Amino acid sequence: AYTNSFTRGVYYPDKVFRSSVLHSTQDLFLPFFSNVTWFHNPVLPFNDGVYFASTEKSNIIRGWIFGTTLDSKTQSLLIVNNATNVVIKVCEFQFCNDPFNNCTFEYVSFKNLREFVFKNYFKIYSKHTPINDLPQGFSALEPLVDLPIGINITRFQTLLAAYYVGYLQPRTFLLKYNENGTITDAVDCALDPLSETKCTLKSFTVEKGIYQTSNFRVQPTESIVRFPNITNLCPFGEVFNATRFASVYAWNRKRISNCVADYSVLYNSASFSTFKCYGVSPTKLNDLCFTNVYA
Amino acid sequence: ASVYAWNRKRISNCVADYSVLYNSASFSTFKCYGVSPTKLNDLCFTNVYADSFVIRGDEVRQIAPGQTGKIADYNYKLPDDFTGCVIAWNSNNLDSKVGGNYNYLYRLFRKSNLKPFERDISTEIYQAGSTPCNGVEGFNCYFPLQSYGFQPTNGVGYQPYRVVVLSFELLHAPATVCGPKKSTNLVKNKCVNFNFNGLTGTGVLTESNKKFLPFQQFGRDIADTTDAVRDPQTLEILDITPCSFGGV
Amino acid sequence: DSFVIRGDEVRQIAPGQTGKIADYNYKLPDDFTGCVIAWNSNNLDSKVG
Amino acid sequence: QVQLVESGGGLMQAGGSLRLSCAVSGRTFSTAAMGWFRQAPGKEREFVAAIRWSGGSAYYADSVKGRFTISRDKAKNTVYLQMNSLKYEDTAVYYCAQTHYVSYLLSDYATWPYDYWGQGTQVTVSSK
Amino acid sequence: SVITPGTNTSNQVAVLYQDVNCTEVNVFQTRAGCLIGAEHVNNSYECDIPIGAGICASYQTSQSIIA
Ligand SMILES: *[C@@H]1O[C@H](CO)[C@@H](O[C@@H]2O[C@H](CO)[C@@H](O)[C@H](O)[C@H]2NC(C)=O)[C@H](O)[C@H]1NC(C)=O
Ligand SMILES: *[C@@H]1O[C@H](CO)[C@@H](O[C@@H]2O[C@H](CO)[C@@H](O)[C@H](O)[C@H]2NC(C)=O)[C@H](O)[C@H]1NC(C)=O
Ligand SMILES: *[C@@H]1O[C@H](CO)[C@@H](O[C@@H]2O[C@H](CO)[C@@H](O)[C@H](O)[C@H]2NC(C)=O)[C@H](O)[C@H]1NC(C)=O
Ligand SMILES: *[C@@H]1O[C@H](CO)[C@@H](O)[C@H](O)[C@H]1NC(C)=O
Ligand SMILES: *[C@@H]1O[C@H](CO)[C@@H](O)[C@H](O)[C@H]1NC(C)=O
Ligand SMILES: *[C@@H]1O[C@H](CO)[C@@H](O)[C@H](O)[C@H]1NC(C)=O
Ligand SMILES: *[C@@H]1O[C@H](CO)[C@@H](O)[C@H](O)[C@H]1NC(C)=O
Ligand SMILES: *[C@@H]1O[C@H](CO)[C@@H](O)[C@H](O)[C@H]1NC(C)=O
Ligand SMILES: *[C@@H]1O[C@H](CO)[C@@H](O)[C@H](O)[C@H]1NC(C)=O
Ligand SMILES: *[C@@H]1O[C@H](CO)[C@@H](O)[C@H](O)[C@H]1NC(C)=O
């Protein structure tokens with residue numbers, strides 16, 4: 001199931017007060033008019049950030065789990081609100097298949113619409129509203145919690161009524177703060193060309209005209225590298241395939257100059273027991289020139 | 001900890017007396033970027049990260065912004081815009097023993113350079129050539145880590161050095177790590193030189209009527225300049241009006 | 001200006017340096033215009049014991 | 001420091017197979033590699049086989065490659081030398097060794113001077 | 001460039017990619033570039049929103065933008 005994320009998923013990106021102003025900010029927001037997955041239990045990814053919403057009549061949903069595996073063997077975050085308090089912990093928990101130690105943090109605190117944003121350490125914004133699937137309109141989410149936990153999260157699940165999930169993206173927004181410092185309207189600077197225009201002019205009201213907004217530029221599809229035919233190989237054969245070698249006290253010195261040195265033939269060969277290189281990698285040698293090489 | 005598995009300690013919600021560090025005679029390297037040590041006493045931060053590890057002497061230079069080499073590439077990378085301190089001192093007395101201490105490791109191979117403050121602790125067999133290793137060492141299949149040879153008789157360049165890197169979190173949030181600098185009483189309706197949590201300025205502080213949210217720390221003007229603050233000691237909001245001036 | 005220091009502190013004798021020497025012993029200005037000459041004196045200023 | 005204790009030596013007929021054990025105790029977390037060496041009467045000590053503790057990759061001397069297998073049980077802190085297709089030339093005292101030195105290059109364990117040594121166990125191979 | 005009547009009028013707009021082809025990206029190629037979201041009309045009018053090289057655009061009747 002899918003619904004429209006009309007204008008929801010706007011939160012105060014910073015702790016700064018601003019009044020009667022339009023401020024442009026880049027951060028992870030919920031793209032306007034996007035698809036939100038609709039559920040009425042399973043494990044869901046946590047791409048860069050999550051917009052969760054719940055329509056509740058009896059407060060069925062209680063908590064969230066976050067992490068990588070969401071079983072023991074690693075740390076995982078658990079958040080639970082039970083009627084009077086909230087509990088947050090980051091232990092390497094043994095969870096059940098269908099749930100409903102080493103604790104490095106612990107904290108203790110349809111008509112209901114509860115909207116939350118979880119992002120990365122950990123930031124949780126939320127907003128509670130009365131409502132009459134996903135309501136059309138506009139409201140901002142104030143931050144609630146900042147957990148300095150530094151837990152790697154790539155997946156999450158819910159602990160229990162409908163809910164919806166959206167995924168945040170790095171989108172530039174223009175936000176309209178009123179006299180009271182409340183966000184009352186926003187523009188997604190990349191939703192549609194009119195929005196690009198609005199963002200360019202830093203206004204919500206574009207007068208009739210033609211406005212230069214962006215710059216179209218074709219991106220290159222591939223890389224071409226051309227150099228002349230490889231020629232005048234260095235006489236490595238002369239040295240390695242030499243019939244007779246010199247005594248250690250009278251070690252031979254061959255000077256190599258004015259040639260192309262194919263080191264691949266050497267470091268990829270299986271004929272050498274020792275191929276030790278100090279302060280240089282053999283592979284890298286192919287990208288390097290030298291005045292002289294001494295064998 | 002080994003450089004490849006450098007420890008990270010978080011420092012928060014405390015008073016940092018940095019004198020204890022820069023007035024100590026125990027440190028060979030005390031190098032601060034984007035900050036002066038002395039000034040630290042006057043500054044607050046949301047978080048401090050103490051990244052601790054051990055390297056050899058000659059590699060201490062690699063612990064600095066935009067450096068290259070085995071350490072800076074595969075073990076521990078500082079950002080080009082790093083704002084913090086690097087402290088290093090010889091640990092030959094502790095980390096070296098007769099016969100060689102090999103408990104300290106470094107990553108010698110990696111498929112790419114590390115990102116700033118990236119930590120790679122993987123032990124996957126490095127595929128140097130075209131043949132997949134399938135977790136089997138051999139020709140062009142090497143273990144990514146290697147030991148340090150720390151003997152008491154080693155050259156100062158090869159002697160062990162203990163390194164602590166302090167990163168400071170200058171963000172727009174409440175700052176919980178402050179210097180020992182004492183606070184004073186607040187004065188209203190006068191031109192004053194104010195310092196809130198290291199945020200310095202000159203102005204007239206007045207009772208504001210701005211509806212700051214319970215979380216909102218300070219406010220800004222159109223010019224991205226501070227227009228109103230929340231007192232760290234009192235949950236009171238003050239408007240800052242710049243000290244009366246005019247052309248003559 | 002003549003004096004004696006240890007080797008590793010020679011670096012402190014330069015404009016805008018910090019440390020015991022640069023702070024408490026001998027401070028050069030940031031706009032110093034002159035020469036700093038230093039040479040090892042182990043043969044002269046060191047003795048057994 | 002670690003203590004190495006070998007067992008499993010004895011008399012076997014040529015063509016047979018025998019497993020030696022070396023149990024490691026003490027500072028077991030330090031183990032980077034284990035090696036087996038042998039000393040025949042009147043001959044110098046000779047490298048046999050080495051195993052990296054992490055990953056379990058093995059390196060063998062040419063004289064035993066394809067006949068001997070080295071394995072290790074991390075949980076039990078024990079290394080094994082499985083000596084298959086026993087020959088007269090295998091008669092020797094076998095020693096296990098441990099090092100905390102980590103080389104990027106497995107082959108270095110053939111020549112590395114190790115940290116700790118077992119007591120040795122005699123293997124004698126009987127004719128035909 | 002984005003061609004728009006006032007938001008006060010409509011939220012429907014057109015786009016001009018300047019001095020490019022219509023290949024590279026209700027589409028119309030003009031001396032000015034690739035024009036998208038505007039209907040080409042034979043009838044000629046007074047210039048409302050200048051586009052260039054003699055092409056203007058406006059918002060007209062059911063209603064849409066026309067060049
Ligand atoms: C956070 O945890 C996830 C999940 O364990 C890690 O994702 C793995 O990344 C590697 C390298 O890209 C992949 O080969 C794996 O397939 C991923 N795991 C899964 C389960 O898909 C991720 O590396 C961790 N990130 C950090 C920075 O610790
Ligand atoms: C909600 O669950 C929590 C955890 O099970 C309970 O909180 C505990 O309350 C007792 C009594 O005050 C404390 O000693 C514990 O420290 C609390 N634990 C945690 C983790 O917070 C709480 O009682 C439950 N509330 C309900 C069911 O209303
Ligand atoms: C900003 O806050 C002020 C103060 O609360 C708002 O003015 C009030 O509006 C409510 C709702 O209509 C009334 O019940 C009060 O009587 C008003 N108070 C005063 C002193 O006028 C103001 O409307 C808010 N801003 C916006 C955009 O609504
Ligand atoms: C949402 O998904 C449906 C079906 O996949 C798709 O047709 C629709 O365009 C999507 N919504 C958008 C892009 O607004
Ligand atoms: C907990 O910590 C101990 C000590 O470091 C460790 O042995 C164990 O693996 C850890 N367990 C989990 C599940 O994180
Ligand atoms: C020496 O010659 C043989 C084939 O005759 C070849 O395999 C080997 O690569 C040569 N040596 C070098 C350095 O190429
Ligand atoms: C310390 O700060 C708190 C802030 O809530 C305040 O209540 C208290 O009076 C302060 N104490 C002193 C002695 O300044
Ligand atoms: C829009 O235009 C009409 C005239 O067509 C005018 O009465 C009205 O004030 C304008 N409204 C806004 C909100 O700009
Ligand atoms: C647009 O593309 C077509 C096909 O490549 C080409 O024939 C035409 O000349 C192009 N337009 C101009 C005016 O160059
Ligand atoms: C406008 O004129 C062009 C060129 O003669 C023709 O192809 C087109 O059909 C005409 N359009 C209308 C609406 O008559």
# chains A, B, ... in the order shown; residues from 1 in each chain; ligands from 1
call {"tool": "residues_near_ligand", "arguments": {"ligand": "ligand 7", "cutoff": "8 Å", "atoms": "only C-alpha atoms and all ligand atoms", "output": "number ranges by chain"}}
result
B: 232-235
call {"tool": "write_last_selection", "arguments": {"atoms": "N, CA, C and O atoms", "output": "PDB file, in the first residue's frame"}}
result
ATOM      1  N   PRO B 232      22.676  30.484  29.705  1.00  0.00           N
ATOM      2  CA  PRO B 232      22.999  29.101  30.072  1.00  0.00           C
ATOM      3  C   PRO B 232      22.587  28.705  31.492  1.00  0.00           C
ATOM      4  O   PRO B 232      22.243  27.559  31.734  1.00  0.00           O
ATOM      5  N   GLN B 233      22.601  29.671  32.420  1.00  0.00           N
ATOM      6  CA  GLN B 233      22.313  29.457  33.832  1.00  0.00           C
ATOM      7  C   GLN B 233      20.820  29.612  34.110  1.00  0.00           C
ATOM      8  O   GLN B 233      20.300  29.026  35.049  1.00  0.00           O
ATOM      9  N   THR B 234      20.135  30.452  33.342  1.00  0.00           N
ATOM     10  CA  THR B 234      18.724  30.731  33.520  1.00  0.00           C
ATOM     11  C   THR B 234      18.035  30.462  32.189  1.00  0.00           C
ATOM     12  O   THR B 234      18.478  30.927  31.149  1.00  0.00           O
ATOM     13  N   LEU B 235      16.888  29.786  32.211  1.00  0.00           N
ATOM     14  CA  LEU B 235      16.094  29.693  30.998  1.00  0.00           C
ATOM     15  C   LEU B 235      15.334  31.007  30.780  1.00  0.00           C
ATOM     16  O   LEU B 235      14.105  31.054  30.863  1.00  0.00           O
TER      17      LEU B 235
END
call {"tool": "residues_around", "arguments": {"residues": "range 39-44 of chain C", "least_positions_apart": "2", "cutoff": "10 Å", "atoms": "only C-alpha atoms", "output": "list in words"}}
result
residues 4, 5, 6, 7, 10, 37, 46 and 47 of chain C
call {"tool": "residues_near_ligand", "arguments": {"ligand": "ligand 2", "cutoff": "9 Å", "atoms": "only C-alpha atoms and all ligand atoms", "output": "MDAnalysis selection string"}}
result
chainID A and resid 80:89 106:109
call {"tool": "atom_distance", "arguments": {"atom1": "CA of residue 113 in chain B", "atom2": "atom 6 (C, counted along the ligand's line) of ligand 1"}}
result
18.0 Å
call {"tool": "residues_near_ligand", "arguments": {"ligand": "ligand 4", "cutoff": "8 Å", "atoms": "only C-alpha atoms and all ligand atoms", "output": "list in words"}}
result
residues 2, 3, 4, 33, 34 and 35 of chain A
call {"tool": "residues_near_ligand", "arguments": {"ligand": "ligand 10", "cutoff": "9 Å", "atoms": "only C-alpha atoms and all ligand atoms", "output": "list in words"}}
result
residues 40, 41, 42 and 43 of chain E
call {"tool": "select_by_dssp", "arguments": {"residues": "range 19-247 of chain B", "states": "strand (DSSP E or B)", "output": "ChimeraX atom specification"}}
result
/B:29-33,44-45,48-56,84-90,101,105-107,126-127,138,141-142,145-147,150,160-168,177-178,191-196,199-207,218-220,226-230,237-241
call {"tool": "residues_near_ligand", "arguments": {"ligand": "ligand 9", "cutoff": "10 Å", "atoms": "only C-alpha atoms and all ligand atoms", "output": "list in words"}}
result
residues 19, 20, 21, 22, 23, 24, 29, 30, 31, 33 and 34 of chain E
call {"tool": "write_last_selection", "arguments": {"atoms": "C-alpha atoms", "output": "short mmCIF file (atom, residue, chain, number, x, y, z; two decimals), in the first residue's frame"}}
result
data_model
loop_
_atom_site.label_atom_id
_atom_site.label_comp_id
_atom_site.auth_asym_id
_atom_site.auth_seq_id
_atom_site.Cartn_x
_atom_site.Cartn_y
_atom_site.Cartn_z
CA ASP E 19 20.32 27.12 -27.09
CA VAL E 20 20.05 23.34 -26.84
CA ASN E 21 18.18 20.76 -28.89
CA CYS E 22 14.97 18.97 -27.92
CA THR E 23 16.89 15.69 -28.10
CA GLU E 24 19.33 16.22 -25.22
CA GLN E 29 12.03 23.77 -30.78
CA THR E 30 12.71 27.50 -31.22
CA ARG E 31 15.60 29.78 -32.15
CA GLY E 33 16.04 26.58 -27.47
CA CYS E 34 13.77 23.78 -26.27
#
call {"tool": "interface_residues", "arguments": {"of": "chain C", "to": "chain B", "cutoff": "12 Å", "atoms": "only C-alpha atoms", "output": "ChimeraX atom specification"}}
result
/C:8-9,16-21,23-24
call {"tool": "residues_near_ligand", "arguments": {"ligand": "ligand 3", "cutoff": "8 Å", "atoms": "only C-alpha atoms and all ligand atoms", "output": "list in words"}}
result
residues 178, 179 and 180 of chain A; 211 of chain B
call {"tool": "residues_near_ligand", "arguments": {"ligand": "ligand 6", "cutoff": "10 Å", "atoms": "only C-alpha atoms and all ligand atoms", "output": "list in words"}}
result
residues 234, 235, 236, 237, 238, 239, 240, 241, 242, 262, 263, 264, 265, 266, 267, 268, 269, 270 and 271 of chain A
call {"tool": "write_last_selection", "arguments": {"atoms": "N, CA and C atoms", "output": "mmCIF file, in the first residue's frame"}}
result
data_model
loop_
_atom_site.group_PDB
_atom_site.id
_atom_site.type_symbol
_atom_site.label_atom_id
_atom_site.label_comp_id
_atom_site.auth_asym_id
_atom_site.auth_seq_id
_atom_site.Cartn_x
_atom_site.Cartn_y
_atom_site.Cartn_z
ATOM 1 N N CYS A 234 61.508 -1.830 -21.683
ATOM 2 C CA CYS A 234 62.753 -1.915 -20.938
ATOM 3 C C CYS A 234 63.259 -3.352 -20.957
ATOM 4 N N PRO A 235 64.594 -3.558 -21.094
ATOM 5 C CA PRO A 235 65.167 -4.897 -21.219
ATOM 6 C C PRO A 235 65.236 -5.611 -19.870
ATOM 7 N N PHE A 236 64.062 -5.997 -19.355
ATOM 8 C CA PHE A 236 63.995 -6.755 -18.118
ATOM 9 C C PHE A 236 64.464 -8.187 -18.335
ATOM 10 N N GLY A 237 64.188 -8.730 -19.532
ATOM 11 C CA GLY A 237 64.640 -10.052 -19.932
ATOM 12 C C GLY A 237 66.145 -10.220 -19.740
ATOM 13 N N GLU A 238 66.901 -9.224 -20.223
ATOM 14 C CA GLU A 238 68.356 -9.194 -20.152
ATOM 15 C C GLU A 238 68.828 -9.491 -18.731
ATOM 16 N N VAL A 239 68.090 -8.998 -17.732
ATOM 17 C CA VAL A 239 68.527 -9.075 -16.350
ATOM 18 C C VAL A 239 68.010 -10.360 -15.708
ATOM 19 N N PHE A 240 66.699 -10.592 -15.807
ATOM 20 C CA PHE A 240 66.054 -11.712 -15.131
ATOM 21 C C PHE A 240 66.353 -13.020 -15.860
ATOM 22 N N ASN A 241 66.402 -12.959 -17.203
ATOM 23 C CA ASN A 241 66.639 -14.137 -18.022
ATOM 24 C C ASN A 241 68.119 -14.272 -18.388
ATOM 25 N N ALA A 242 68.991 -13.541 -17.674
ATOM 26 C CA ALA A 242 70.435 -13.650 -17.844
ATOM 27 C C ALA A 242 70.876 -15.073 -17.534
ATOM 28 N N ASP A 262 57.466 -2.326 -17.979
ATOM 29 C CA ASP A 262 56.267 -3.110 -17.752
ATOM 30 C C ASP A 262 56.453 -3.941 -16.487
ATOM 31 N N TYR A 263 56.020 -3.375 -15.356
ATOM 32 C CA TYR A 263 56.221 -4.035 -14.070
ATOM 33 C C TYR A 263 55.201 -5.148 -13.857
ATOM 34 N N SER A 264 54.077 -5.100 -14.581
ATOM 35 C CA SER A 264 53.046 -6.117 -14.469
ATOM 36 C C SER A 264 53.649 -7.505 -14.673
ATOM 37 N N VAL A 265 54.455 -7.652 -15.734
ATOM 38 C CA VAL A 265 55.071 -8.924 -16.104
ATOM 39 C C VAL A 265 55.815 -9.512 -14.902
ATOM 40 N N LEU A 266 56.218 -8.652 -13.967
ATOM 41 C CA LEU A 266 57.031 -9.072 -12.839
ATOM 42 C C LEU A 266 56.184 -9.418 -11.615
ATOM 43 N N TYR A 267 55.327 -8.492 -11.167
ATOM 44 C CA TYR A 267 54.625 -8.681 -9.904
ATOM 45 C C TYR A 267 53.445 -9.645 -10.041
ATOM 46 N N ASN A 268 53.078 -9.977 -11.288
ATOM 47 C CA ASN A 268 52.018 -10.915 -11.612
ATOM 48 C C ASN A 268 52.599 -12.287 -11.938
ATOM 49 N N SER A 269 53.926 -12.357 -12.085
ATOM 50 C CA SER A 269 54.609 -13.614 -12.353
ATOM 51 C C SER A 269 54.687 -14.441 -11.076
ATOM 52 N N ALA A 270 54.645 -15.768 -11.250
ATOM 53 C CA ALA A 270 54.640 -16.709 -10.144
ATOM 54 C C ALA A 270 56.015 -17.356 -9.983
ATOM 55 N N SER A 271 57.032 -16.758 -10.620
ATOM 56 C CA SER A 271 58.368 -17.322 -10.662
ATOM 57 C C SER A 271 59.253 -16.769 -9.547
#
call {"tool": "closest_atom_pairs", "arguments": {"of": "chain A", "to": "ligand 8", "cutoff": "10 Å", "atoms": "only C-alpha atoms and all ligand atoms", "output": "Markdown table"}}
result
| residue | atom | partner | partner_atom_place_in_ligand_line | distance |
| --- | --- | --- | --- | --- |
| A:205 | CA | ligand 8 | 14 (O) | 7.8 |
| A:206 | CA | ligand 8 | 14 (O) | 9.6 |
| A:207 | CA | ligand 8 | 14 (O) | 8.8 |
call {"tool": "decode", "arguments": {"residues": "range 17-67 of chain D", "atoms": "C-alpha atoms", "output": "PDB file, in the first residue's frame"}}
result
ATOM      1  CA  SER D  17      48.867 -41.174   9.718  1.00  0.00           C
ATOM      2  CA  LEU D  18      49.246 -39.466  13.114  1.00  0.00           C
ATOM      3  CA  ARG D  19      47.909 -36.230  14.641  1.00  0.00           C
ATOM      4  CA  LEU D  20      50.060 -34.098  16.954  1.00  0.00           C
ATOM      5  CA  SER D  21      48.421 -31.556  19.320  1.00  0.00           C
ATOM      6  CA  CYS D  22      49.853 -28.406  20.926  1.00  0.00           C
ATOM      7  CA  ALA D  23      47.733 -26.801  23.667  1.00  0.00           C
ATOM      8  CA  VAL D  24      48.268 -23.092  24.342  1.00  0.00           C
ATOM      9  CA  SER D  25      47.623 -21.567  27.767  1.00  0.00           C
ATOM     10  CA  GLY D  26      48.364 -18.180  29.352  1.00  0.00           C
ATOM     11  CA  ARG D  27      48.102 -15.033  27.190  1.00  0.00           C
ATOM     12  CA  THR D  28      46.146 -16.829  24.437  1.00  0.00           C
ATOM     13  CA  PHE D  29      44.537 -13.647  23.045  1.00  0.00           C
ATOM     14  CA  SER D  30      47.995 -12.582  21.757  1.00  0.00           C
ATOM     15  CA  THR D  31      48.342 -15.508  19.299  1.00  0.00           C
ATOM     16  CA  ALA D  32      48.994 -14.347  15.720  1.00  0.00           C
ATOM     17  CA  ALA D  33      50.363 -17.603  14.294  1.00  0.00           C
ATOM     18  CA  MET D  34      51.466 -21.091  15.314  1.00  0.00           C
ATOM     19  CA  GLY D  35      54.240 -23.066  13.625  1.00  0.00           C
ATOM     20  CA  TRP D  36      55.471 -26.661  13.674  1.00  0.00           C
ATOM     21  CA  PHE D  37      59.205 -27.392  13.415  1.00  0.00           C
ATOM     22  CA  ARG D  38      61.148 -30.664  13.549  1.00  0.00           C
ATOM     23  CA  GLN D  39      64.679 -31.684  14.518  1.00  0.00           C
ATOM     24  CA  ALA D  40      66.094 -35.023  13.360  1.00  0.00           C
ATOM     25  CA  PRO D  41      69.190 -36.458  15.178  1.00  0.00           C
ATOM     26  CA  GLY D  42      72.330 -34.677  13.932  1.00  0.00           C
ATOM     27  CA  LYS D  43      70.336 -32.252  11.754  1.00  0.00           C
ATOM     28  CA  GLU D  44      69.369 -28.584  12.199  1.00  0.00           C
ATOM     29  CA  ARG D  45      65.834 -27.555  13.190  1.00  0.00           C
ATOM     30  CA  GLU D  46      63.601 -27.384  10.094  1.00  0.00           C
ATOM     31  CA  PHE D  47      60.321 -25.529   9.505  1.00  0.00           C
ATOM     32  CA  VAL D  48      57.322 -27.814   8.781  1.00  0.00           C
ATOM     33  CA  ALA D  49      54.060 -25.803   8.737  1.00  0.00           C
ATOM     34  CA  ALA D  50      52.518 -22.550  10.018  1.00  0.00           C
ATOM     35  CA  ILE D  51      48.921 -21.390  10.452  1.00  0.00           C
ATOM     36  CA  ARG D  52      47.566 -17.886  10.961  1.00  0.00           C
ATOM     37  CA  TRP D  53      45.307 -17.748  14.017  1.00  0.00           C
ATOM     38  CA  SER D  54      42.845 -15.403  12.311  1.00  0.00           C
ATOM     39  CA  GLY D  55      41.443 -16.962   9.120  1.00  0.00           C
ATOM     40  CA  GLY D  56      43.400 -20.230   9.418  1.00  0.00           C
ATOM     41  CA  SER D  57      45.477 -19.868   6.230  1.00  0.00           C
ATOM     42  CA  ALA D  58      48.352 -22.366   6.178  1.00  0.00           C
ATOM     43  CA  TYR D  59      51.920 -22.373   4.833  1.00  0.00           C
ATOM     44  CA  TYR D  60      53.937 -25.570   4.328  1.00  0.00           C
ATOM     45  CA  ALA D  61      57.549 -26.568   3.706  1.00  0.00           C
ATOM     46  CA  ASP D  62      57.998 -28.323   0.338  1.00  0.00           C
ATOM     47  CA  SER D  63      59.021 -31.571   2.098  1.00  0.00           C
ATOM     48  CA  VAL D  64      55.533 -32.024   3.633  1.00  0.00           C
ATOM     49  CA  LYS D  65      53.230 -30.139   1.216  1.00  0.00           C
ATOM     50  CA  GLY D  66      50.362 -32.425   0.161  1.00  0.00           C
ATOM     51  CA  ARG D  67      51.062 -34.882   3.009  1.00  0.00           C
TER      52      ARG D  67
END
